[PDB]
$ cat coords_2.pdb   # PDB, C-alpha atoms and all ligand atoms
MODEL        1
ATOM      1  CA  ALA A   1      62.386 300.355 -11.997  1.00  0.00           C
ATOM      2  CA  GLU A   2      60.011 297.306 -12.098  1.00  0.00           C
ATOM      3  CA  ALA A   3      59.524 297.252  -8.271  1.00  0.00           C
ATOM      4  CA  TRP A   4      58.674 301.011  -8.089  1.00  0.00           C
ATOM      5  CA  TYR A   5      56.330 300.581 -11.105  1.00  0.00           C
ATOM      6  CA  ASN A   6      54.465 297.712  -9.376  1.00  0.00           C
ATOM      7  CA  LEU A   7      54.216 299.780  -6.116  1.00  0.00           C
ATOM      8  CA  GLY A   8      52.685 302.588  -8.224  1.00  0.00           C
ATOM      9  CA  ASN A   9      50.249 300.070  -9.783  1.00  0.00           C
ATOM     10  CA  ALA A  10      49.078 298.869  -6.350  1.00  0.00           C
ATOM     11  CA  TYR A  11      48.354 302.463  -5.272  1.00  0.00           C
ATOM     12  CA  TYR A  12      46.627 303.161  -8.601  1.00  0.00           C
ATOM     13  CA  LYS A  13      44.355 300.086  -8.109  1.00  0.00           C
ATOM     14  CA  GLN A  14      43.187 301.377  -4.709  1.00  0.00           C
ATOM     15  CA  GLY A  15      42.531 304.873  -6.191  1.00  0.00           C
ATOM     16  CA  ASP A  16      45.595 306.573  -4.608  1.00  0.00           C
ATOM     17  CA  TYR A  17      46.646 308.423  -7.786  1.00  0.00           C
ATOM     18  CA  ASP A  18      48.913 310.964  -5.995  1.00  0.00           C
ATOM     19  CA  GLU A  19      51.054 308.066  -4.632  1.00  0.00           C
ATOM     20  CA  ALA A  20      50.890 306.180  -7.969  1.00  0.00           C
ATOM     21  CA  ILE A  21      52.358 309.298  -9.700  1.00  0.00           C
ATOM     22  CA  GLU A  22      55.178 309.548  -7.102  1.00  0.00           C
ATOM     23  CA  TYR A  23      56.244 305.920  -7.636  1.00  0.00           C
ATOM     24  CA  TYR A  24      55.874 305.974 -11.441  1.00  0.00           C
ATOM     25  CA  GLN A  25      58.145 309.089 -11.405  1.00  0.00           C
ATOM     26  CA  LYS A  26      60.681 307.045  -9.348  1.00  0.00           C
ATOM     27  CA  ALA A  27      60.445 304.151 -11.869  1.00  0.00           C
ATOM     28  CA  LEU A  28      61.067 306.610 -14.760  1.00  0.00           C
ATOM     29  CA  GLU A  29      64.115 308.096 -12.926  1.00  0.00           C
ATOM     30  CA  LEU A  30      65.637 304.532 -12.963  1.00  0.00           C
ATOM     31  CA  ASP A  31      64.334 303.530 -16.494  1.00  0.00           C
ATOM     32  CA  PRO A  32      63.311 306.473 -18.750  1.00  0.00           C
ATOM     33  CA  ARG A  33      62.580 303.912 -21.602  1.00  0.00           C
ATOM     34  CA  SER A  34      59.674 302.244 -19.640  1.00  0.00           C
ATOM     35  CA  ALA A  35      56.729 302.811 -22.020  1.00  0.00           C
ATOM     36  CA  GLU A  36      54.601 301.078 -19.322  1.00  0.00           C
ATOM     37  CA  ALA A  37      55.518 303.638 -16.623  1.00  0.00           C
ATOM     38  CA  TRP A  38      54.907 306.605 -18.987  1.00  0.00           C
ATOM     39  CA  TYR A  39      51.509 305.132 -19.966  1.00  0.00           C
ATOM     40  CA  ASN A  40      50.378 304.463 -16.373  1.00  0.00           C
ATOM     41  CA  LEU A  41      51.563 307.967 -15.336  1.00  0.00           C
ATOM     42  CA  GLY A  42      49.286 309.299 -18.113  1.00  0.00           C
ATOM     43  CA  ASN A  43      46.447 307.147 -16.754  1.00  0.00           C
ATOM     44  CA  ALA A  44      46.921 308.520 -13.216  1.00  0.00           C
ATOM     45  CA  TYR A  45      46.722 312.095 -14.545  1.00  0.00           C
ATOM     46  CA  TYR A  46      43.658 311.139 -16.648  1.00  0.00           C
ATOM     47  CA  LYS A  47      41.937 309.866 -13.450  1.00  0.00           C
ATOM     48  CA  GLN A  48      42.567 313.285 -11.807  1.00  0.00           C
ATOM     49  CA  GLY A  49      40.984 315.145 -14.758  1.00  0.00           C
ATOM     50  CA  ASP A  50      44.423 316.419 -15.855  1.00  0.00           C
ATOM     51  CA  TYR A  51      44.002 315.617 -19.564  1.00  0.00           C
ATOM     52  CA  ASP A  52      46.687 318.112 -20.708  1.00  0.00           C
ATOM     53  CA  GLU A  53      49.290 316.221 -18.637  1.00  0.00           C
ATOM     54  CA  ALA A  54      47.886 312.747 -19.503  1.00  0.00           C
ATOM     55  CA  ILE A  55      48.423 313.614 -23.224  1.00  0.00           C
ATOM     56  CA  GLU A  56      52.077 314.589 -22.597  1.00  0.00           C
ATOM     57  CA  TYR A  57      52.780 311.226 -20.960  1.00  0.00           C
ATOM     58  CA  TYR A  58      50.816 309.167 -23.500  1.00  0.00           C
ATOM     59  CA  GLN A  59      52.879 310.895 -26.241  1.00  0.00           C
ATOM     60  CA  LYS A  60      56.089 309.800 -24.415  1.00  0.00           C
ATOM     61  CA  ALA A  61      54.752 306.194 -24.149  1.00  0.00           C
ATOM     62  CA  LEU A  62      54.001 306.275 -27.931  1.00  0.00           C
ATOM     63  CA  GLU A  63      57.545 307.534 -28.745  1.00  0.00           C
ATOM     64  CA  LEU A  64      58.828 304.279 -27.091  1.00  0.00           C
ATOM     65  CA  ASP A  65      55.974 301.950 -28.222  1.00  0.00           C
ATOM     66  CA  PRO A  66      54.287 303.409 -31.338  1.00  0.00           C
ATOM     67  CA  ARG A  67      52.359 300.109 -31.815  1.00  0.00           C
ATOM     68  CA  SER A  68      50.524 300.670 -28.431  1.00  0.00           C
ATOM     69  CA  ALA A  69      46.839 300.605 -29.594  1.00  0.00           C
ATOM     70  CA  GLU A  70      46.189 301.299 -25.843  1.00  0.00           C
ATOM     71  CA  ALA A  71      48.156 304.573 -25.707  1.00  0.00           C
ATOM     72  CA  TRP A  72      46.581 305.747 -29.039  1.00  0.00           C
ATOM     73  CA  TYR A  73      43.050 304.930 -27.749  1.00  0.00           C
ATOM     74  CA  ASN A  74      43.589 306.636 -24.372  1.00  0.00           C
ATOM     75  CA  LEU A  75      45.217 309.603 -26.098  1.00  0.00           C
ATOM     76  CA  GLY A  76      41.941 309.835 -28.114  1.00  0.00           C
ATOM     77  CA  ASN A  77      39.938 309.574 -24.876  1.00  0.00           C
ATOM     78  CA  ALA A  78      41.937 312.408 -23.250  1.00  0.00           C
ATOM     79  CA  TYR A  79      40.914 314.714 -26.151  1.00  0.00           C
ATOM     80  CA  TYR A  80      37.314 313.387 -26.163  1.00  0.00           C
ATOM     81  CA  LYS A  81      36.849 314.174 -22.434  1.00  0.00           C
ATOM     82  CA  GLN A  82      37.899 317.798 -23.148  1.00  0.00           C
ATOM     83  CA  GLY A  83      35.376 318.218 -26.008  1.00  0.00           C
ATOM     84  CA  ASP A  84      38.216 318.002 -28.593  1.00  0.00           C
ATOM     85  CA  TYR A  85      36.293 315.503 -30.775  1.00  0.00           C
ATOM     86  CA  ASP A  86      38.206 316.050 -34.033  1.00  0.00           C
ATOM     87  CA  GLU A  87      41.591 315.283 -32.263  1.00  0.00           C
ATOM     88  CA  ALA A  88      39.916 312.227 -30.737  1.00  0.00           C
ATOM     89  CA  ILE A  89      39.018 311.009 -34.260  1.00  0.00           C
ATOM     90  CA  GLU A  90      42.688 311.108 -35.409  1.00  0.00           C
ATOM     91  CA  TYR A  91      43.910 308.970 -32.481  1.00  0.00           C
ATOM     92  CA  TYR A  92      40.977 306.507 -32.559  1.00  0.00           C
ATOM     93  CA  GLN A  93      41.790 306.005 -36.293  1.00  0.00           C
ATOM     94  CA  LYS A  94      45.435 305.188 -35.325  1.00  0.00           C
ATOM     95  CA  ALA A  95      44.214 302.721 -32.584  1.00  0.00           C
ATOM     96  CA  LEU A  96      41.958 301.015 -35.170  1.00  0.00           C
ATOM     97  CA  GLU A  97      44.836 300.701 -37.744  1.00  0.00           C
ATOM     98  CA  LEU A  98      46.643 298.628 -35.029  1.00  0.00           C
ATOM     99  CA  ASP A  99      43.531 296.812 -33.687  1.00  0.00           C
ATOM    100  CA  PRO A 100      40.704 296.785 -36.286  1.00  0.00           C
ATOM    101  CA  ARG A 101      38.613 294.340 -34.151  1.00  0.00           C
ATOM    102  CA  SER A 102      38.423 296.818 -31.190  1.00  0.00           C
ATOM    103  CA  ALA A 103      34.585 297.270 -30.798  1.00  0.00           C
ATOM    104  CA  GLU A 104      35.519 299.951 -28.186  1.00  0.00           C
ATOM    105  CA  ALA A 105      37.603 302.052 -30.605  1.00  0.00           C
ATOM    106  CA  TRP A 106      34.897 301.822 -33.370  1.00  0.00           C
ATOM    107  CA  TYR A 107      32.169 302.784 -30.841  1.00  0.00           C
ATOM    108  CA  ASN A 108      34.203 305.772 -29.552  1.00  0.00           C
ATOM    109  CA  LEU A 109      34.976 306.869 -33.149  1.00  0.00           C
ATOM    110  CA  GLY A 110      31.198 306.838 -33.714  1.00  0.00           C
ATOM    111  CA  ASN A 111      30.681 308.823 -30.491  1.00  0.00           C
ATOM    112  CA  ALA A 112      33.247 311.464 -31.661  1.00  0.00           C
ATOM    113  CA  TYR A 113      31.386 311.871 -34.982  1.00  0.00           C
ATOM    114  CA  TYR A 114      28.060 312.031 -33.098  1.00  0.00           C
ATOM    115  CA  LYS A 115      29.503 314.837 -30.916  1.00  0.00           C
ATOM    116  CA  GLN A 116      30.753 316.615 -34.137  1.00  0.00           C
ATOM    117  CA  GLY A 117      27.112 316.502 -35.384  1.00  0.00           C
ATOM    118  CA  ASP A 118      27.867 314.022 -38.235  1.00  0.00           C
ATOM    119  CA  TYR A 119      25.191 311.440 -37.619  1.00  0.00           C
ATOM    120  CA  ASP A 120      25.675 309.550 -40.886  1.00  0.00           C
ATOM    121  CA  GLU A 121      29.319 308.894 -40.011  1.00  0.00           C
ATOM    122  CA  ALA A 122      28.354 307.976 -36.422  1.00  0.00           C
ATOM    123  CA  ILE A 123      25.923 305.395 -37.839  1.00  0.00           C
ATOM    124  CA  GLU A 124      28.671 303.761 -39.984  1.00  0.00           C
ATOM    125  CA  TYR A 125      31.051 303.390 -37.053  1.00  0.00           C
ATOM    126  CA  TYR A 126      28.345 302.235 -34.570  1.00  0.00           C
ATOM    127  CA  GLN A 127      27.218 299.613 -37.181  1.00  0.00           C
ATOM    128  CA  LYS A 128      30.871 298.388 -37.325  1.00  0.00           C
ATOM    129  CA  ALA A 129      31.098 298.274 -33.466  1.00  0.00           C
ATOM    130  CA  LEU A 130      27.780 296.288 -33.315  1.00  0.00           C
ATOM    131  CA  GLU A 131      28.990 293.822 -36.010  1.00  0.00           C
ATOM    132  CA  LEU A 132      31.952 292.986 -33.660  1.00  0.00           C
ATOM    133  CA  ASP A 133      29.826 293.098 -30.382  1.00  0.00           C
ATOM    134  CA  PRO A 134      25.954 293.147 -30.518  1.00  0.00           C
ATOM    135  CA  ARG A 135      25.447 292.847 -26.678  1.00  0.00           C
ATOM    136  CA  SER A 136      25.727 296.563 -25.669  1.00  0.00           C
TER     137      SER A 136
HETATM  138 CA    CA A 201      46.994 323.255 -18.841  1.00  0.00          CA
HETATM  139 CA    CA A 202      44.601 322.876 -21.974  1.00  0.00          CA
HETATM  140 CA    CA A 203      49.190 321.059 -13.749  1.00  0.00          CA
HETATM  141 CA    CA A 204      51.330 296.947 -29.344  1.00  0.00          CA
HETATM  142 CA    CA A 205      40.904 321.651 -22.489  1.00  0.00          CA
HETATM  143 CA    CA A 206      36.941 320.830 -32.084  1.00  0.00          CA
HETATM  144 CL    CL A 207      49.094 321.400 -22.671  1.00  0.00          CL
HETATM  145 CL    CL A 208      42.502 323.733 -25.854  1.00  0.00          CL
ENDMDL
END
$ encode --input "coords_2.pdb" --output "structure tokens"
Amino acid sequence: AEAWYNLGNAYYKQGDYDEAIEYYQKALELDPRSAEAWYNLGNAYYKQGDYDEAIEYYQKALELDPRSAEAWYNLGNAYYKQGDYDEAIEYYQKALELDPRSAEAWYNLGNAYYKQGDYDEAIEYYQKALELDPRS
């Protein structure tokens, strides 16, 4: 499974998402408990704009590794990119329970509230992001 997974990664890194998906699928045929292969399959679908499918595969990754702050964050992002800002908030909150020093997750939580039209909440979360990283 590891060799097919790393072949998929190399294709992913050169932007060949169709081939990455094929080889991640082969990895998952050999090891259906690879949280890494489920996550990277979700990422390849995310890169193609296929958020519905990305969410299915992130959910599988989270069944195997529920302490994946990464999967929770990208699951949030897959809803955010669709305009599903209240779903995004739930998964950014879960990412931040696991990694409360993630300036990225706080910032994106603020962005979701901004997009919901709650500017006072956006301000709180942006202030938290800027406390952790005042450079952007
Ligand atoms: Ca669909
Ligand atoms: Ca849909
Ligand atoms: Ca489809
Ligand atoms: Ca983890
Ligand atoms: Ca949609
Ligand atoms: Ca909504
Ligand atoms: Cl769906
Ligand atoms: Cl929908």
$ residues_near_ligand --input "coords_2.pdb" --ligand "ligand CA 202 (chain A)" --cutoff "12 Å" --atoms "only C-alpha atoms and all ligand atoms" --output "ChimeraX atom specification"
/A:49-56,78-79,81-84
$ residues_around --input "coords_2.pdb" --residues "region 71-77 of chain A" --least-positions-apart "4" --cutoff "6 Å" --atoms "only C-alpha atoms" --output "short mmCIF file (atom, residue, chain, number, x, y, z; two decimals) with C-alpha atoms, in the frame of the given file"
data_model
loop_
_atom_site.label_atom_id
_atom_site.label_comp_id
_atom_site.auth_asym_id
_atom_site.auth_seq_id
_atom_site.Cartn_x
_atom_site.Cartn_y
_atom_site.Cartn_z
CA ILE A 55 48.42 313.61 -23.22
CA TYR A 58 50.82 309.17 -23.50
CA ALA A 88 39.92 312.23 -30.74
CA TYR A 91 43.91 308.97 -32.48
CA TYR A 92 40.98 306.51 -32.56
CA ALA A 95 44.21 302.72 -32.58
#
$ atom_distance --input "coords_2.pdb" --atom1 "CA of residue 44 (chain A)" --atom2 "CA of residue 125 (chain A)"
29.1 Å
$ residues_around --input "coords_2.pdb" --residues "region 22-31 of chain A" --least-positions-apart "3" --cutoff "9 Å" --atoms "all atoms listed in the file" --output "JSON, numbers by chain"
{"A": [1, 2, 3, 4, 5, 6, 7, 8, 9, 11, 17, 18, 19, 34, 37, 38, 40, 41]}
$ write_last_selection --input "coords_2.pdb" --atoms "C-alpha atoms" --output "PDB file, in the coordinates of the input"
ATOM      1  CA  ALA A   1      62.386 300.355 -11.997  1.00  0.00           C
ATOM      2  CA  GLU A   2      60.011 297.306 -12.098  1.00  0.00           C
ATOM      3  CA  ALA A   3      59.524 297.252  -8.271  1.00  0.00           C
ATOM      4  CA  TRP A   4      58.674 301.011  -8.089  1.00  0.00           C
ATOM      5  CA  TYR A   5      56.330 300.581 -11.105  1.00  0.00           C
ATOM      6  CA  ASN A   6      54.465 297.712  -9.376  1.00  0.00           C
ATOM      7  CA  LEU A   7      54.216 299.780  -6.116  1.00  0.00           C
ATOM      8  CA  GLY A   8      52.685 302.588  -8.224  1.00  0.00           C
ATOM      9  CA  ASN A   9      50.249 300.070  -9.783  1.00  0.00           C
ATOM     10  CA  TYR A  11      48.354 302.463  -5.272  1.00  0.00           C
ATOM     11  CA  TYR A  17      46.646 308.423  -7.786  1.00  0.00           C
ATOM     12  CA  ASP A  18      48.913 310.964  -5.995  1.00  0.00           C
ATOM     13  CA  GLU A  19      51.054 308.066  -4.632  1.00  0.00           C
ATOM     14  CA  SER A  34      59.674 302.244 -19.640  1.00  0.00           C
ATOM     15  CA  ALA A  37      55.518 303.638 -16.623  1.00  0.00           C
ATOM     16  CA  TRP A  38      54.907 306.605 -18.987  1.00  0.00           C
ATOM     17  CA  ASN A  40      50.378 304.463 -16.373  1.00  0.00           C
ATOM     18  CA  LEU A  41      51.563 307.967 -15.336  1.00  0.00           C
TER      19      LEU A  41
END
$ atom_distance --input "coords_2.pdb" --atom1 "CA of residue 66 (chain A)" --atom2 "CA of residue 85 (chain A)"
21.7 Å
$ residues_near_point --input "coords_2.pdb" --point "(32.9, 301.4, -33.7)" --cutoff "12 Å" --atoms "all atoms listed in the file" --output "PyMOL selection string"
chain A and resi 89+92-93+95-96+99-114+121-134+136
$ closest_residue --input "coords_2.pdb" --among "A:39, A:46, A:80, A:12" --to "residue 64 (chain A)" --atoms "only C-alpha atoms"
A:39
$ closest_residue --input "coords_2.pdb" --among "A:97, A:87, A:116, A:67" --to "ligand CL 208 (chain A)" --atoms "all atoms listed in the file"
A:87
$ residues_near_ligand --input "coords_2.pdb" --ligand "ligand CA 204 (chain A)" --cutoff "7 Å" --atoms "all atoms listed in the file" --output "count of residues only"
4
$ closest_residue --input "coords_2.pdb" --among "A:20, A:61, A:118, A:86" --to "ligand CA 206 (chain A)" --atoms "only C-alpha atoms and all ligand atoms"
A:86
$ decode --input "coords_2.pdb" --residues "region 46-78 of chain A" --atoms "N, CA, C and O atoms" --output "short mmCIF file (atom, residue, chain, number, x, y, z; two decimals), in the first residue's frame"
data_model
loop_
_atom_site.label_atom_id
_atom_site.label_comp_id
_atom_site.auth_asym_id
_atom_site.auth_seq_id
_atom_site.Cartn_x
_atom_site.Cartn_y
_atom_site.Cartn_z
N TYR A 46 -10.66 17.55 -3.84
CA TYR A 46 -10.75 18.99 -3.51
C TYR A 46 -10.11 19.83 -4.61
O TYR A 46 -10.69 20.81 -5.10
N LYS A 47 -8.94 19.40 -5.09
CA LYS A 47 -8.18 20.16 -6.13
C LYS A 47 -8.96 20.18 -7.44
O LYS A 47 -8.72 21.13 -8.20
N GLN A 48 -9.82 19.20 -7.69
CA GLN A 48 -10.64 19.17 -8.91
C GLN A 48 -11.97 19.88 -8.70
O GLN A 48 -12.81 19.79 -9.60
N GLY A 49 -12.19 20.51 -7.56
CA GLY A 49 -13.47 21.20 -7.32
C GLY A 49 -14.55 20.23 -6.89
O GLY A 49 -15.74 20.62 -6.82
N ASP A 50 -14.24 18.98 -6.62
CA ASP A 50 -15.26 17.98 -6.29
C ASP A 50 -15.42 17.87 -4.76
O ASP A 50 -14.94 16.93 -4.11
N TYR A 51 -15.98 18.92 -4.20
CA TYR A 51 -16.05 19.06 -2.71
C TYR A 51 -16.92 17.95 -2.12
O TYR A 51 -16.63 17.46 -1.04
N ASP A 52 -18.06 17.64 -2.76
CA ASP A 52 -18.93 16.56 -2.27
C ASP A 52 -18.11 15.29 -2.03
O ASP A 52 -18.23 14.66 -0.97
N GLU A 53 -17.29 14.91 -3.00
CA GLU A 53 -16.49 13.68 -2.90
C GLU A 53 -15.36 13.88 -1.89
O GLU A 53 -15.08 12.94 -1.11
N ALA A 54 -14.68 15.02 -1.89
CA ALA A 54 -13.61 15.30 -0.91
C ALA A 54 -14.16 15.04 0.50
O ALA A 54 -13.48 14.42 1.33
N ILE A 55 -15.36 15.55 0.80
CA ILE A 55 -15.97 15.40 2.14
C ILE A 55 -16.15 13.92 2.47
O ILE A 55 -15.85 13.56 3.60
N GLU A 56 -16.62 13.12 1.52
CA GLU A 56 -16.79 11.67 1.79
C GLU A 56 -15.47 11.05 2.23
O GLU A 56 -15.43 10.22 3.17
N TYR A 57 -14.37 11.42 1.58
CA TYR A 57 -13.09 10.77 1.85
C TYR A 57 -12.48 11.36 3.11
O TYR A 57 -11.83 10.63 3.87
N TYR A 58 -12.63 12.66 3.35
CA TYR A 58 -12.17 13.20 4.65
C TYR A 58 -12.90 12.52 5.80
O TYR A 58 -12.29 12.30 6.86
N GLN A 59 -14.20 12.30 5.66
CA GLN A 59 -14.98 11.61 6.72
C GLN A 59 -14.40 10.21 6.96
O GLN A 59 -14.28 9.83 8.16
N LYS A 60 -14.01 9.49 5.92
CA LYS A 60 -13.40 8.16 6.09
C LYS A 60 -12.07 8.30 6.83
O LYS A 60 -11.75 7.50 7.71
N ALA A 61 -11.24 9.26 6.47
CA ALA A 61 -9.94 9.51 7.13
C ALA A 61 -10.20 9.76 8.62
O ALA A 61 -9.42 9.27 9.48
N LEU A 62 -11.22 10.55 8.93
CA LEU A 62 -11.54 10.91 10.35
C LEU A 62 -12.10 9.72 11.11
O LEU A 62 -11.84 9.69 12.34
N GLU A 63 -12.75 8.78 10.47
CA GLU A 63 -13.20 7.54 11.15
C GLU A 63 -11.97 6.79 11.66
O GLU A 63 -12.01 6.28 12.80
N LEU A 64 -10.88 6.78 10.90
CA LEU A 64 -9.63 6.06 11.25
C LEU A 64 -8.73 6.90 12.15
O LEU A 64 -7.97 6.32 12.96
N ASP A 65 -8.67 8.20 11.96
CA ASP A 65 -7.83 9.12 12.74
C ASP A 65 -8.71 10.30 13.15
O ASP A 65 -8.53 11.41 12.64
N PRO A 66 -9.53 10.16 14.20
CA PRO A 66 -10.36 11.30 14.63
C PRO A 66 -9.60 12.45 15.27
O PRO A 66 -10.17 13.50 15.54
N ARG A 67 -8.30 12.29 15.57
CA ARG A 67 -7.46 13.36 16.11
C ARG A 67 -6.66 14.09 15.01
O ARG A 67 -5.79 14.89 15.36
N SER A 68 -7.03 13.87 13.74
CA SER A 68 -6.47 14.55 12.54
C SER A 68 -7.02 16.00 12.50
O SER A 68 -8.08 16.20 11.85
N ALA A 69 -6.34 16.96 13.08
CA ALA A 69 -6.70 18.39 12.98
C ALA A 69 -6.72 18.74 11.48
O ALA A 69 -7.59 19.55 11.08
N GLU A 70 -5.84 18.12 10.69
CA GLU A 70 -5.75 18.35 9.23
C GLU A 70 -7.04 17.99 8.54
O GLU A 70 -7.45 18.79 7.64
N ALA A 71 -7.56 16.79 8.73
CA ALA A 71 -8.77 16.31 8.08
C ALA A 71 -9.89 17.25 8.55
O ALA A 71 -10.74 17.56 7.74
N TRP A 72 -9.98 17.56 9.86
CA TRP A 72 -11.13 18.42 10.30
C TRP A 72 -11.04 19.76 9.59
O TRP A 72 -12.08 20.28 9.13
N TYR A 73 -9.89 20.39 9.53
CA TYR A 73 -9.67 21.69 8.89
C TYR A 73 -10.05 21.58 7.41
O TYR A 73 -10.77 22.49 6.90
N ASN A 74 -9.59 20.57 6.71
CA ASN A 74 -9.85 20.52 5.25
C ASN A 74 -11.31 20.17 5.03
O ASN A 74 -11.89 20.57 3.99
N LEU A 75 -11.91 19.40 5.91
CA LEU A 75 -13.35 19.16 5.84
C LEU A 75 -14.08 20.51 5.95
O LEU A 75 -14.98 20.81 5.10
N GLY A 76 -13.70 21.36 6.89
CA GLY A 76 -14.22 22.73 6.98
C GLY A 76 -14.04 23.46 5.68
O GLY A 76 -14.96 24.14 5.20
N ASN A 77 -12.85 23.42 5.10
CA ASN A 77 -12.54 24.14 3.86
C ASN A 77 -13.43 23.67 2.72
O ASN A 77 -13.86 24.49 1.92
N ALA A 78 -13.71 22.38 2.64
CA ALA A 78 -14.55 21.82 1.57
C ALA A 78 -15.96 22.36 1.67
O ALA A 78 -16.63 22.55 0.63
#
